[PDB]
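Data from coords-v1.pdb: PDB, C-alpha atoms
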ATOM      1  CA  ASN A 534      59.082  96.659  56.679  1.00  0.00           C
ATOM      2  CA  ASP A 535      60.525  93.270  57.627  1.00  0.00           C
ATOM      3  CA  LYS A 536      63.904  94.635  58.623  1.00  0.00           C
ATOM      4  CA  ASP A 537      62.215  97.549  60.381  1.00  0.00           C
ATOM      5  CA  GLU A 538      60.098  95.325  62.620  1.00  0.00           C
ATOM      6  CA  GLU A 539      63.033  93.133  63.661  1.00  0.00           C
ATOM      7  CA  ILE A 540      64.931  96.306  64.549  1.00  0.00           C
ATOM      8  CA  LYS A 541      62.022  97.657  66.598  1.00  0.00           C
ATOM      9  CA  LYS A 542      61.771  94.291  68.374  1.00  0.00           C
ATOM     10  CA  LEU A 543      65.491  93.962  69.157  1.00  0.00           C
ATOM     11  CA  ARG A 544      65.690  97.562  70.374  1.00  0.00           C
ATOM     12  CA  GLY A 545      62.814  96.768  72.711  1.00  0.00           C
ATOM     13  CA  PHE A 546      64.632  93.778  74.224  1.00  0.00           C
ATOM     14  CA  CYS A 547      67.787  95.823  74.651  1.00  0.00           C
ATOM     15  CA  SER A 548      65.976  98.634  76.478  1.00  0.00           C
ATOM     16  CA  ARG A 549      64.158  96.031  78.617  1.00  0.00           C
ATOM     17  CA  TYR A 550      67.303  94.043  79.494  1.00  0.00           C
ATOM     18  CA  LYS A 551      69.188  97.249  80.170  1.00  0.00           C
ATOM     19  CA  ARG A 552      66.514  98.412  82.631  1.00  0.00           C
ATOM     20  CA  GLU A 553      66.365  95.049  84.401  1.00  0.00           C
ATOM     21  CA  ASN A 554      70.173  94.853  84.658  1.00  0.00           C
ATOM     22  CA  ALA A 555      70.430  98.344  86.151  1.00  0.00           C
ATOM     23  CA  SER A 556      67.749  97.340  88.662  1.00  0.00           C
ATOM     24  CA  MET A 557      69.629  94.181  89.637  1.00  0.00           C
ATOM     25  CA  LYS A 558      72.949  95.979  90.258  1.00  0.00           C
ATOM     26  CA  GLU A 559      71.037  98.175  92.667  1.00  0.00           C
ATOM     27  CA  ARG A 560      69.550  95.094  94.373  1.00  0.00           C
ATOM     28  CA  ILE A 561      72.865  93.244  94.446  1.00  0.00           C
ATOM     29  CA  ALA A 562      74.510  96.311  95.976  1.00  0.00           C
ATOM     30  CA  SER A 563      71.995  96.607  98.832  1.00  0.00           C
ATOM     31  CA  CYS A 564      72.312  92.838  99.421  1.00  0.00           C
ATOM     32  CA  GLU A 565      76.090  93.092  99.794  1.00  0.00           C
ATOM     33  CA  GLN A 566      75.619  96.036 102.114  1.00  0.00           C
ATOM     34  CA  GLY A 567      73.146  94.001 104.201  1.00  0.00           C
ATOM     35  CA  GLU A 568      75.729  91.224 104.312  1.00  0.00           C
ATOM     36  CA  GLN A 569      78.468  93.586 105.474  1.00  0.00           C
ATOM     37  CA  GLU A 570      76.175  94.782 108.280  1.00  0.00           C
ATOM     38  CA  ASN A 571      75.221  91.181 109.181  1.00  0.00           C
ATOM     39  CA  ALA A 572      78.937  90.367 109.420  1.00  0.00           C
ATOM     40  CA  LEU A 573      79.544  92.946 112.133  1.00  0.00           C
ATOM     41  CA  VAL A 574      76.559  91.710 114.134  1.00  0.00           C
ATOM     42  CA  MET A 575      77.618  88.063 113.731  1.00  0.00           C
ATOM     43  CA  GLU A 576      81.204  88.862 114.710  1.00  0.00           C
ATOM     44  CA  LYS A 577      80.058  90.663 117.841  1.00  0.00           C
ATOM     45  CA  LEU A 578      77.710  87.835 118.813  1.00  0.00           C
ATOM     46  CA  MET A 579      80.423  85.227 118.190  1.00  0.00           C
ATOM     47  CA  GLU A 580      82.954  87.115 120.376  1.00  0.00           C
ATOM     48  CA  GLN A 581      80.431  87.378 123.169  1.00  0.00           C
ATOM     49  CA  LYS A 582      79.607  83.684 122.969  1.00  0.00           C
ATOM     50  CA  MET A 583      83.255  82.678 123.154  1.00  0.00           C
ATOM     51  CA  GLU A 584      83.780  85.141 125.997  1.00  0.00           C
ATOM     52  CA  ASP A 585      80.840  83.479 127.792  1.00  0.00           C
ATOM     53  CA  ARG A 586      82.383  80.016 127.294  1.00  0.00           C
ATOM     54  CA  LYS A 587      85.664  81.364 128.668  1.00  0.00           C
ATOM     55  CA  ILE A 588      83.896  82.544 131.832  1.00  0.00           C
ATOM     56  CA  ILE A 589      82.094  79.237 132.124  1.00  0.00           C
ATOM     57  CA  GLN A 590      85.382  77.283 131.866  1.00  0.00           C
ATOM     58  CA  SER A 591      87.130  79.568 134.335  1.00  0.00           C
ATOM     59  CA  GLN A 592      84.246  79.117 136.791  1.00  0.00           C
ATOM     60  CA  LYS A 593      84.104  75.372 136.266  1.00  0.00           C
ATOM     61  CA  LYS A 594      87.779  75.358 137.296  1.00  0.00           C
ATOM     62  CA  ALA A 595      87.248  77.525 140.384  1.00  0.00           C
ATOM     63  CA  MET A 596      84.619  75.120 141.631  1.00  0.00           C
ATOM     64  CA  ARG A 597      86.884  72.185 140.814  1.00  0.00           C
ATOM     65  CA  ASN A 598      89.517  73.912 142.941  1.00  0.00           C
ATOM     66  CA  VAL A 599      87.079  74.308 145.831  1.00  0.00           C
ATOM     67  CA  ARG A 600      85.846  70.700 145.737  1.00  0.00           C
ATOM     68  CA  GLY A 601      89.555  69.877 145.718  1.00  0.00           C
TER
ATOM     69  CA  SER B 532      65.341  96.746  53.415  1.00  0.00           C
ATOM     70  CA  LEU B 533      67.554  99.836  53.867  1.00  0.00           C
ATOM     71  CA  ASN B 534      71.267 100.095  53.727  1.00  0.00           C
ATOM     72  CA  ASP B 535      72.947  99.628  57.139  1.00  0.00           C
ATOM     73  CA  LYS B 536      70.088  97.540  58.529  1.00  0.00           C
ATOM     74  CA  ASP B 537      71.280  93.935  58.097  1.00  0.00           C
ATOM     75  CA  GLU B 538      74.399  94.801  60.104  1.00  0.00           C
ATOM     76  CA  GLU B 539      72.453  96.838  62.656  1.00  0.00           C
ATOM     77  CA  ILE B 540      70.280  93.763  63.226  1.00  0.00           C
ATOM     78  CA  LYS B 541      73.362  91.564  63.621  1.00  0.00           C
ATOM     79  CA  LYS B 542      74.788  93.927  66.227  1.00  0.00           C
ATOM     80  CA  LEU B 543      71.514  94.237  68.144  1.00  0.00           C
ATOM     81  CA  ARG B 544      71.147  90.428  68.184  1.00  0.00           C
ATOM     82  CA  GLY B 545      74.607  90.269  69.725  1.00  0.00           C
ATOM     83  CA  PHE B 546      73.725  92.780  72.421  1.00  0.00           C
ATOM     84  CA  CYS B 547      70.643  90.733  73.277  1.00  0.00           C
ATOM     85  CA  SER B 548      72.523  87.449  73.826  1.00  0.00           C
ATOM     86  CA  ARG B 549      75.068  89.382  75.865  1.00  0.00           C
ATOM     87  CA  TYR B 550      72.310  91.077  77.911  1.00  0.00           C
ATOM     88  CA  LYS B 551      70.631  87.677  78.344  1.00  0.00           C
ATOM     89  CA  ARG B 552      73.808  86.076  79.728  1.00  0.00           C
ATOM     90  CA  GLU B 553      74.503  88.974  82.101  1.00  0.00           C
ATOM     91  CA  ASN B 554      70.895  88.896  83.268  1.00  0.00           C
ATOM     92  CA  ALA B 555      71.063  85.193  84.145  1.00  0.00           C
ATOM     93  CA  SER B 556      74.306  85.613  86.105  1.00  0.00           C
ATOM     94  CA  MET B 557      72.835  88.492  88.092  1.00  0.00           C
ATOM     95  CA  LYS B 558      69.687  86.492  88.920  1.00  0.00           C
ATOM     96  CA  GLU B 559      72.029  83.775  90.192  1.00  0.00           C
ATOM     97  CA  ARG B 560      74.063  86.217  92.275  1.00  0.00           C
ATOM     98  CA  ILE B 561      70.973  87.819  93.850  1.00  0.00           C
ATOM     99  CA  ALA B 562      69.683  84.375  94.846  1.00  0.00           C
ATOM    100  CA  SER B 563      73.033  83.525  96.443  1.00  0.00           C
ATOM    101  CA  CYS B 564      73.026  86.792  98.364  1.00  0.00           C
ATOM    102  CA  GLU B 565      69.492  86.260  99.592  1.00  0.00           C
ATOM    103  CA  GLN B 566      70.262  82.712 100.641  1.00  0.00           C
ATOM    104  CA  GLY B 567      73.315  84.035 102.505  1.00  0.00           C
ATOM    105  CA  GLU B 568      71.165  86.635 104.265  1.00  0.00           C
ATOM    106  CA  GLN B 569      68.613  84.001 105.306  1.00  0.00           C
ATOM    107  CA  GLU B 570      71.352  81.785 106.683  1.00  0.00           C
ATOM    108  CA  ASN B 571      72.897  84.739 108.576  1.00  0.00           C
ATOM    109  CA  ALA B 572      69.598  85.490 110.302  1.00  0.00           C
ATOM    110  CA  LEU B 573      69.426  81.848 111.474  1.00  0.00           C
ATOM    111  CA  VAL B 574      73.035  81.911 112.733  1.00  0.00           C
ATOM    112  CA  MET B 575      72.357  85.072 114.760  1.00  0.00           C
ATOM    113  CA  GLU B 576      69.195  83.492 116.199  1.00  0.00           C
ATOM    114  CA  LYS B 577      71.249  80.470 117.314  1.00  0.00           C
ATOM    115  CA  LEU B 578      73.984  82.682 118.735  1.00  0.00           C
ATOM    116  CA  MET B 579      71.478  84.776 120.705  1.00  0.00           C
ATOM    117  CA  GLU B 580      69.903  81.612 122.136  1.00  0.00           C
ATOM    118  CA  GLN B 581      73.342  80.328 123.147  1.00  0.00           C
ATOM    119  CA  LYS B 582      74.379  83.573 124.888  1.00  0.00           C
ATOM    120  CA  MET B 583      71.184  83.522 126.894  1.00  0.00           C
ATOM    121  CA  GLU B 584      71.654  79.914 127.944  1.00  0.00           C
ATOM    122  CA  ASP B 585      75.319  80.647 128.719  1.00  0.00           C
ATOM    123  CA  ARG B 586      74.415  83.608 130.936  1.00  0.00           C
ATOM    124  CA  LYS B 587      72.049  81.255 132.749  1.00  0.00           C
ATOM    125  CA  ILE B 588      74.909  78.819 133.324  1.00  0.00           C
ATOM    126  CA  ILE B 589      77.238  81.614 134.439  1.00  0.00           C
ATOM    127  CA  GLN B 590      74.747  82.952 137.012  1.00  0.00           C
ATOM    128  CA  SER B 591      74.032  79.407 138.165  1.00  0.00           C
ATOM    129  CA  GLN B 592      77.790  78.922 138.698  1.00  0.00           C
ATOM    130  CA  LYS B 593      78.286  82.165 140.651  1.00  0.00           C
ATOM    131  CA  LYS B 594      75.389  81.337 142.954  1.00  0.00           C
ATOM    132  CA  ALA B 595      76.584  77.757 143.512  1.00  0.00           C
ATOM    133  CA  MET B 596      79.979  79.182 144.557  1.00  0.00           C
ATOM    134  CA  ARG B 597      78.290  81.827 146.744  1.00  0.00           C
ATOM    135  CA  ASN B 598      76.337  79.004 148.431  1.00  0.00           C
ATOM    136  CA  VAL B 599      79.403  76.946 149.427  1.00  0.00           C
TER
END
Please express what this file holds, its structure, as structure tokens.
Amino acid sequence: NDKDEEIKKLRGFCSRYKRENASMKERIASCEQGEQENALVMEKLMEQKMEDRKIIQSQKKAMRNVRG
Amino acid sequence: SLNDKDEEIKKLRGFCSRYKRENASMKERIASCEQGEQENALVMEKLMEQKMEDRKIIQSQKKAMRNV
């Protein structure tokens, strides 16, 4: 009766923990997937920004060349 | 107070501490992922603002050259 209750209690924690852990792997996995998708967007936006700065520099030079 | 029960309890107690450690680490990892995702959103917002301002500068440069 004393050993039986402790066993019932511990089994309950184990089933609880096990359910919560399974749920978290699922959540962690979708998070990492979100982050992989974010990475592609960020990379594209960063390339475009640097490409814009390149154009700006090239145009700043062309005007410098015209003002001689 | 049956026969395999003291050991069964010892094993289950072990699983619980193990589950408890693994649970804590996952909570920590999910929070880091979510913080990463929040930061990413902010970076993209900054990058989008910068592209738009850069395009403004680029158009302003092409027109100033047109006007010479």
request  = Report as a ChimeraX atom specification the full result of the PyMOL selection byres ((chain B) within 9 of (chain A)) when it is applied to this structure.
outcome  = /B:532-533,536-537,539-540,543-544,546-547,550-551,553-554,557-558,560-561,564-565,567-568,571-572,574-575,578-579,581-582,585-586,588-589,592-593,595-596,599
Keeping only C-alpha atoms, take the residues you just selected and write them out as a PDB file, keeping the file's coordinate frame.
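File produced: selection.pdb:
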ATOM      1  CA  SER B 532      65.341  96.746  53.415  1.00  0.00           C
ATOM      2  CA  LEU B 533      67.554  99.836  53.867  1.00  0.00           C
ATOM      3  CA  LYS B 536      70.088  97.540  58.529  1.00  0.00           C
ATOM      4  CA  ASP B 537      71.280  93.935  58.097  1.00  0.00           C
ATOM      5  CA  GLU B 539      72.453  96.838  62.656  1.00  0.00           C
ATOM      6  CA  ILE B 540      70.280  93.763  63.226  1.00  0.00           C
ATOM      7  CA  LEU B 543      71.514  94.237  68.144  1.00  0.00           C
ATOM      8  CA  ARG B 544      71.147  90.428  68.184  1.00  0.00           C
ATOM      9  CA  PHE B 546      73.725  92.780  72.421  1.00  0.00           C
ATOM     10  CA  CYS B 547      70.643  90.733  73.277  1.00  0.00           C
ATOM     11  CA  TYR B 550      72.310  91.077  77.911  1.00  0.00           C
ATOM     12  CA  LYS B 551      70.631  87.677  78.344  1.00  0.00           C
ATOM     13  CA  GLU B 553      74.503  88.974  82.101  1.00  0.00           C
ATOM     14  CA  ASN B 554      70.895  88.896  83.268  1.00  0.00           C
ATOM     15  CA  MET B 557      72.835  88.492  88.092  1.00  0.00           C
ATOM     16  CA  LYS B 558      69.687  86.492  88.920  1.00  0.00           C
ATOM     17  CA  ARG B 560      74.063  86.217  92.275  1.00  0.00           C
ATOM     18  CA  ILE B 561      70.973  87.819  93.850  1.00  0.00           C
ATOM     19  CA  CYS B 564      73.026  86.792  98.364  1.00  0.00           C
ATOM     20  CA  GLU B 565      69.492  86.260  99.592  1.00  0.00           C
ATOM     21  CA  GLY B 567      73.315  84.035 102.505  1.00  0.00           C
ATOM     22  CA  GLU B 568      71.165  86.635 104.265  1.00  0.00           C
ATOM     23  CA  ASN B 571      72.897  84.739 108.576  1.00  0.00           C
ATOM     24  CA  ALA B 572      69.598  85.490 110.302  1.00  0.00           C
ATOM     25  CA  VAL B 574      73.035  81.911 112.733  1.00  0.00           C
ATOM     26  CA  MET B 575      72.357  85.072 114.760  1.00  0.00           C
ATOM     27  CA  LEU B 578      73.984  82.682 118.735  1.00  0.00           C
ATOM     28  CA  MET B 579      71.478  84.776 120.705  1.00  0.00           C
ATOM     29  CA  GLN B 581      73.342  80.328 123.147  1.00  0.00           C
ATOM     30  CA  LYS B 582      74.379  83.573 124.888  1.00  0.00           C
ATOM     31  CA  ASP B 585      75.319  80.647 128.719  1.00  0.00           C
ATOM     32  CA  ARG B 586      74.415  83.608 130.936  1.00  0.00           C
ATOM     33  CA  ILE B 588      74.909  78.819 133.324  1.00  0.00           C
ATOM     34  CA  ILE B 589      77.238  81.614 134.439  1.00  0.00           C
ATOM     35  CA  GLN B 592      77.790  78.922 138.698  1.00  0.00           C
ATOM     36  CA  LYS B 593      78.286  82.165 140.651  1.00  0.00           C
ATOM     37  CA  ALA B 595      76.584  77.757 143.512  1.00  0.00           C
ATOM     38  CA  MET B 596      79.979  79.182 144.557  1.00  0.00           C
ATOM     39  CA  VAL B 599      79.403  76.946 149.427  1.00  0.00           C
TER      40      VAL B 599
END
ask   = atom CA of residue B:577 and atom CA of residue A:577 are how many Å apart?
value =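 Separating atom CA of residue B:577 from atom CA of residue A:577 is a distance of 13.5 Å.
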ask   = How many Å separate atom CA of residue B:556 from atom CA of residue B:542?
value = 21.6 Å
ask   = Just how far from atom CA of residue B:566 is atom CA of residue A:566, in Å to one decimal?
value = 14.4 Å
